[PDB]
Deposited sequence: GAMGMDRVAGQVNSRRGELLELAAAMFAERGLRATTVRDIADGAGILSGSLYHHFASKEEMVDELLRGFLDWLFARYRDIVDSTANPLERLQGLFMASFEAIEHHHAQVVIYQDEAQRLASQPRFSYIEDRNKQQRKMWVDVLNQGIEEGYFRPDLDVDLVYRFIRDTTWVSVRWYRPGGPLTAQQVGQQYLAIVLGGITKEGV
């Protein structure tokens, strides 16, 4: 789930995601785990340190996926398809971490503890802009796309569904991602329209 310490991190993540980081105290977490605060402090020095481990594990997992996808695909279309679907994998299997990132990363990024957030932000943009540029150059994508805008569109659409997606529901995040991807690639209009 989180991309004894691991069990505690899982519980803390769920609580952070549901209630918000700042609204969650160490006492809250310790009580949730049915343990004393002193015992929780045998695993983590602070709630800030907990979020740090959560976001690091999440981003390390995600950018490892990106790497594997980039390495294993044969052209920019295959690559973009794989990279696009990775966010929905994250939504399905690392939901708490995704929600925590969405809700807290921008605020946290100004603290030295979380300097890696902007590092990864830069790395992800370069990744997307590179695949878009290569896809336009080789003729997989429309030639007059505004690459920065399409990057924005993709960044928006790969993660925006976490705001409404329900984990226990009928549609899986994968199915949502496949349909979202279909629109990104081919739009909603019929050929000839």
Deposited residues without C-alpha coordinates, grouped into stretches that follow sequence order: 1-6, 10-14
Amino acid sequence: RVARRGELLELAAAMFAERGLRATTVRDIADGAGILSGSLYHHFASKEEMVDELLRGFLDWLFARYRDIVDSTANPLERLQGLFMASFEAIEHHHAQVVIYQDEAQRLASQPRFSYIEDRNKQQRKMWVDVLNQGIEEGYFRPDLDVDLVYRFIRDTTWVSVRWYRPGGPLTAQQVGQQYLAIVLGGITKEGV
From here on, numbers count along this sequence of modelled residues.
Mean C-alpha B-factor higher for 157-165, or for 130-138? 157-165
For the stretches 92-100 and 79-87, which has the higher mean C-alpha B-factor as given in the deposited record? 92-100
Listed options 145, 35, 64, 54: highest C-alpha B factor recorded at 35
From 68, 49, 31, 60, the top C-alpha temperature factor is at 31
Residue 42: C-alpha B-factor third of its chain, per the entry, is the highest
For residue 149, the third of its chain by CA B-factor is the middle
Can you tell me which third, lowest, middle or highest, the CA B-factor of residue 23 falls into for its chain? highest
Relative to the other modelled residues in the chain, which third contains the C-alpha temperature factor of residue 183: lowest, middle or highest? lowest
Per the entry's values, where does residue 11 land by CA temperature factor relative to the rest of its chain, in the lowest, middle or highest third? highest
